[PDB]
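Notes for the one structure printed next.
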């Protein structure tokens, strides 16, 4: 499905906020693609499960909350820390008596940094289609 | 001496977090571990493991447990009063081994911990589930005799004050004289058998918990 | 088999004649059958076992002669039939090893006898000899409160303390109305040594036999 920008604010770098334009393919553990940008350089990462899906199978997969954890992890909440140099996005999960890690998003970078920005401009167009003109219709 | 098992013994017979019939699982978490005596009155479990040995014992009993060892002490210490240790749990009094796991499936990452109660040696079985049970039987009968000396004239006073002045007007609530010797046969075989529902020693915990607090020394 | 042992409630408990430590033993008055249990408060051996695990030590003193296994069970309980219906035995809790420190004398001539029992199997120690063991507490667990609170609802017609006089009941043996809460803290101060050392068992046995003939007959 189309790469939709889910803007996220890093606790390490809240000034230039990131944009987890995550094109999740029907799941977050058996095939998904995340294109992360800070609005300046686009780490369009056609990511696979060879980098995150093992996070499930290596660190006590219990029986409480995982889908919601990763779902809220792709929006603006944990210590979102995307490494600009390594194109790798990580954050720490906090809860009772133990603070696990959740995401090891190694979000690759394409040569075009304006891809997510131009997509965000198509987004300014439809978001722009979000109040007054079809206000005028209805 | 031996404040861990002594605290276990002085800990009232308490209901551990269970989803089935209540067992004699009076957990007493100490500052240096715990002595856990779980009993269904069909088998004896004596989990007297300190907070240090239990950490390595979980590595050989728990299927997958990678948790901080320091956090284990804090996780256990809240169960000093047998009310909560982590939702609720359930002792497994189905076979020779008892399990305290509640299983769901969401691939999540909460904090989960379980108690693994090993088999108790016959010496411990005697010292915790026959000798103490005999002790509470003696205590209950000592409670019963001072009642019996108080059960022969007080139960007749109501009948003595029944018609002697202010004759009864509510005849629907009349009662018969009561005595300990009469109760030995007037109720044991007439109405008791219909209400005699015992099972595998189930009637133990509803009246031997508040009393079991006064065994602090032994 | 079950028809033979279902009648076990024919008679109340019989006290072990040691007069030193409160030990509970059962007596079975039935032809072609017996039920002996040793409860020395250190290792309670339940003799209701099989011939598999016992057959490795019980044949270390026989070379070319054999005796029936039922001979011993149909001996002790048979000799007690025409005797009951200074007998002092000693069994300290410290000596875990099976070298009995017994100073018993009955007829002058010593007779070799001891608590000949191996390790108690977990299945047979609690799954079949506790339901009749809890029956003695059934006359308590379901009736301690029935005797305690009975002074309360029987005081309704005794509420004439204003319209007929101003005097109490007797005020000569008058103690507190013995209830559940009366015996809670009472165990702390006076019954604490009883929990420490049970005593001899005389208040523990004869004091429950009057409540045991029909406790769970039906």
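Numbers in chain C come straight from Swiss-Prot, and the residues shown are 1-85, 92-224, in order.
The header says electron microscopy, 7.8 Å.
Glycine is no exception: its Cβ is also placed from the backbone N, Cα and C atoms.
Annotated coiled coil per Swiss-Prot: C:128-170, in sequence order, evidence recorded as experimental evidence. What Swiss-Prot lists as phosphoserine is C:132, C:203, and the listing cites experimental evidence. Annotation comment: Swiss-Prot describes C:115 as site 'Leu-lock', evidence class an author's statement.
Annotated features taken from Swiss-Prot, shown on the structure.
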residue : record          : contacts (Cβ under 8 Å, 6+ apart)
C:115   : site 'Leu-lock' : none
C:132   : phosphoserine   : none
C:203   : phosphoserine   : none
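Under the three-state DSSP scheme, residue C:132 (phosphoserine) falls in the helix class.
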